[PDB]
4 protein chains.
Amino acid sequence: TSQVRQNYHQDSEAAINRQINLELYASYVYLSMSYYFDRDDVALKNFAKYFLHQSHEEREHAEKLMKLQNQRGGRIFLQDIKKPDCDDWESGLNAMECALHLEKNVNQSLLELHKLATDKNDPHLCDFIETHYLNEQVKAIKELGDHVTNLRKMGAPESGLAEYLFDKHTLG
Amino acid sequence: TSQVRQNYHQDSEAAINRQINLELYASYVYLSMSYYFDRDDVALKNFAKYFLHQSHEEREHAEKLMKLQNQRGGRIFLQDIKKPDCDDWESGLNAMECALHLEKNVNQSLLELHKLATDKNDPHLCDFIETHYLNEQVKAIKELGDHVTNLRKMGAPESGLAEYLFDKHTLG
Amino acid sequence: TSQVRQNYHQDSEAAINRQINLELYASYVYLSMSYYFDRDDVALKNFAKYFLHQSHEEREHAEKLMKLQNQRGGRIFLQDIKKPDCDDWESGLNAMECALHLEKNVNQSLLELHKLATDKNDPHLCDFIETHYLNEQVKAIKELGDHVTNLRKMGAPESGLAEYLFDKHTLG
Amino acid sequence: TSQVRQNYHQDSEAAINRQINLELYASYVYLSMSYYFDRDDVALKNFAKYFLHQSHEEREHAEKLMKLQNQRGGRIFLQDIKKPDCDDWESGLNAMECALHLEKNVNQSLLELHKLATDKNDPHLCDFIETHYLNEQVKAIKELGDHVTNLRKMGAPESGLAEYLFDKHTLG
Ligand SMILES: [Cl-]
Ligand SMILES: [Cl-]
Ligand SMILES: [Cl-]
Ligand SMILES: [Cl-]
Ligand SMILES: [Cl-]
Ligand SMILES: [Cl-]
Ligand SMILES: [Cl-]
Ligand SMILES: [Cl-]
Ligand SMILES: [Cl-]
Ligand SMILES: [Cl-]
Ligand SMILES: [Cl-]
Ligand SMILES: [Cl-]
Ligand SMILES: [Cl-]
Ligand SMILES: [Mg+2]
Ligand SMILES: [Mg+2]
Ligand SMILES: [Mg+2]
Ligand SMILES: [Mg+2]
Ligand SMILES: [Mg+2]
Ligand SMILES: [Mg+2]
Ligand SMILES: [Mg+2]
Ligand SMILES: [Mg+2]
Ligand SMILES: [Mg+2]
Ligand SMILES: [Mg+2]
């Protein structure tokens, strides 16, 4: 047993490894979305900037969980990072809707993680999830919801003018 | 023979003189496009600014090739600079499409130049073309493609509002 | 066909997508190595810092290739990022030897890419690989070779003192 | 009853007084360790500095719990501060191992405190423990584990050179 390990259930250790993989998957989804908007036939540079920033944020989320695993004396086990569900994201609105779905899936995984930590009476892990992940997810979901609303109200996806002006005024 | 000349084929010398003329022609096309958007019945000042900048860039491309000709001991021979294909460029979108076609023609000429330099085993000339011209062309073509895409998506040429807002937000 | 595409062979496009995946795989190997040295039973913080920096560099390599794909009018196709070959990297010396092997595999892939670009007469892609990748690989391989040499000469892996002092004096 | 007291169980009040005593005891252990390394026949000044800093930290932990007791309207009751288990700490490695054991005992006490606060439905006290104590303990335990690992790998306690160089390079 690790000399540092204390009050850290094997199920929690495994769930943290699963969450590391999910955060890396989310980084990959956002990377794919970013370079879709960099295509010469899409050409929305601030959508590309926004999703690249989100991608780098998710990698930071993954690294913090790797740090946590070692802090608690668990052992990191990595799995393949699956490619994103889509290659062509269709429109700025469709990408925003996909990101909203992704962030609500990641949130559900974090809530399941917190339920496990609660069931195993691990208050340090509960506080870690609350402090560093749960409100970040609530803010991300709210921001993406706001973006989806505005794009819909402006007339996207059919209005290429709507996505152009949203790119300039909200994401610029 | 020039006291500096070494490994510089006569065919390469001639091809450089042809490329000087083509760069000056491209400068002239962009100058014509610029002042079209300065007409009181067109009146898109940032299209005019953008194409004037492109025009001055092409003159710099031509001057660098003149410098290269003398560096290698070839002799500059100048020809008439032909007037651009059009007097009236119709719309911001049409001018962007014409510039895209121009830059892909200039790129093809540079690729033919590089093939000649390769066939004559002139690595200095190959490196000159690669370093100073080929990625500049790839960037220019990509930028013009992006501009054409956005103008189309926004509803140009029919939407005078589209070209107005592109002038402000992308070229401003 | 993409409006920007010119002199870009379909085989080159596919080879760039394969190289994107390889750079992301290398990012993942170095991420795994980094957090191995963050374990409480390994505890070499400057090895961990060094490999995390290398990991972020590889992600930058991947992003630049994604940018290139779009610059040339190819289409990015992503694949799963395979997990690294190992979970436990055994020692600082063993991790350095694995990184040396990785970088020489990545170099071989880049050389095959350059041979393809040469065979398809794509001087822009040749210059891209030369400018942004080939000397970076030669420098990386030389640095890792130097590190392996010093660790061996100092008495690693058996000497925990050797790896400790290398961590402080070379990687600190 | 105190005019401020609300939702503060008598068992929680007593457990906080016990935790005050434990934090003061930990301050005393680290003070003793510090001046052991100040002996002329031990003479490891950075071990002495490190443990004196830890000692002052524990006194700050105790004072914050005294503040909490009064914030919630409980009444501080102090007990004797027991002398540390040892007078001679033998070596830098042995002192680090003793500190690791101490911090894992203090953590266990804090986890028992949190379980009590949870059982008494005291979310303010739960949050206090999580915010100010539980991650501090996880970080302390991880740091001490790292230090023990390095000293072992370097050849301590038998190698006086190992402890000398650790004193300079890790604790300096
Ligand atoms: Cl367990
Ligand atoms: Cl519209
Ligand atoms: Cl559209
Ligand atoms: Cl000749
Ligand atoms: Cl309109
Ligand atoms: Cl109009
Ligand atoms: Cl082809
Ligand atoms: Cl030794
Ligand atoms: Cl060892
Ligand atoms: Cl030394
Ligand atoms: Cl009570
Ligand atoms: Cl010795
Ligand atoms: Cl000794
Ligand atoms: Mg995340
Ligand atoms: Mg699959
Ligand atoms: Mg030019
Ligand atoms: Mg004529
Ligand atoms: Mg690389
Ligand atoms: Mg596999
Ligand atoms: Mg070459
Ligand atoms: Mg304490
Ligand atoms: Mg006694
Ligand atoms: Mg709670």
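So, here is what we can say about the structure in this document. (Residues numbered from 1 in each chain as written, not as in the entry; some residues may be left out. Chains lettered and ligands numbered in written order. Part of a larger assembly, values for the part shown. Heavy atoms only, no water.)

### Concerning unusual backbone geometry
Cut-off, in case you're wondering: Every helix listed is a DSSP run of H or I at least four residues long, and every strand listed is a run of E at least two residues long, numbered separately from the N terminus.
Each neighbour pair has its own omega, and for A156(B) with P157(B) the value is 0°, a cis peptide bond. Locating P157(B) in the fold gives a position in the loop between α4 (123–154) and α5 (160–169). A positive phi angle, close to 60°, is found at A43(D), a residue other than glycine. Within the secondary structure, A43(D) is located in the loop between α1 (10–36) and α2 (45–71). We note that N121(D) has phi near 55°; this positive angle belongs to a residue other than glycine. Position of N121(D) among the secondary structure elements: in the loop between α3 (92–119) and α4 (123–154).

### Remarks on the interface of chain A and chain C
Applied cut-off: Should any heavy atoms of two residues lie within 4.5 Å, those residues are considered in contact. When two components associate, each loses some accessible surface as probed by a 1.4 Å sphere; the sum of these losses over both components is called the buried area. We count a salt bridge whenever a side-chain nitrogen from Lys or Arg sits within 4 Å of a carboxyl oxygen from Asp or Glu. Polar contacts, as counted here, are pairs of nitrogen or oxygen atoms within 3.5 Å of one another; within protein the pair requires one atom able to donate a hydrogen and one able to accept it, and residues that are adjacent in sequence qualify only if both atoms are side-chain atoms. Side-chain classes follow a simple rule in which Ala, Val, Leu, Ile, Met, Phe, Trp, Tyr, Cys and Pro form the nonpolar group, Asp, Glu, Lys and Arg form the charged group, and the remainder, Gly included, forms the polar group.
Counting residues at the interface gives 34 residues for chain A, matched by 34 residues for chain C. Together, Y35(A), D40(A) and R59(A) form the three largest contributors to the area buried by chain A at its contact with chain C, with a combined 21%. Put simply, chain A and chain C have six salt bridges between them. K82(A) is paired through a salt bridge with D80(C); the nearest N and O atoms lie 3.7 Å apart. The tally of links from chain A across to chain C stands at 27 residue pairs in polar contact. When residues of the side of chain A that touches chain C are traced back to their parent elements, those giving at least two are α1 (10–36) and α2 (45–71) of chain A. The element contributing the most residues to the side of chain A that touches chain C is α2(A), with eight residues. Among the residues forming the side of chain A that touches chain C, the class breakdown is 12 nonpolar, 10 polar and 12 charged.

### Points about the environment of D122(A)
All names here are of chain A. How we decide: Note on exposure labels: buried denotes an accessible area under 20% of the residue type's maximum, exposed denotes more than 50%, and partly exposed covers the range between, all computed with a 1.4 Å probe on protein chains only.
Its place among the elements puts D122 in the loop between α3 (92–119) and α4 (123–154). Given the relative accessible area of 2%, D122 is considered buried. In this structure, the C-alpha to C-alpha distance between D122 and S12, residues 110 residues apart in sequence, is 8.9 Å. Not counting the four nearest positions on each side in its chain, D122 is found in contact with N7, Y8, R72 and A117.

### Structural notes on empty space enclosed by the protein
Where empty space is left can be seen by rolling a probe of water-molecule size over the atoms. For the record, the criterion: Lining residues are defined by having an atom within 4 Å of a point belonging to a cavity or pocket. Those points lie on a 1 Å grid over the protein atoms alone, cavities being sets where a 1.4 Å probe fits but cannot get out and pockets being open sets with protein on both sides within 12 Å along at least five of seven lines. Grid points are joined across faces, edges and corners, and a volume is the space filled by probe spheres set on the points.
Inspection of the entire model under this criterion finds four cavities of 30 Å³ or more. Of the volumes computed, that of the largest cavity is approximately 160 Å³. Counting only elements with at least two residues in the lining of the largest cavity, the list comes to α1 of chain A together with α1 (10–36) of chain C. The computed volume of the second largest cavity comes to approximately 110 Å³. As for the second largest cavity, its lining consists of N107(B), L111(B), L134(B), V138(B), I141(B), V4(C), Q6(C), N7(C), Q71(C), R72(C), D122(C) and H124(C). Elements represented by at least two residues in the lining of the second largest cavity include exactly α3 (92–119) and α4 of chain B. For the lining of the second largest cavity, the element with the most residues is α4(B), which contributes three residues. In terms of residue class, the lining of the second largest cavity is made up of five nonpolar, five polar and two charged.

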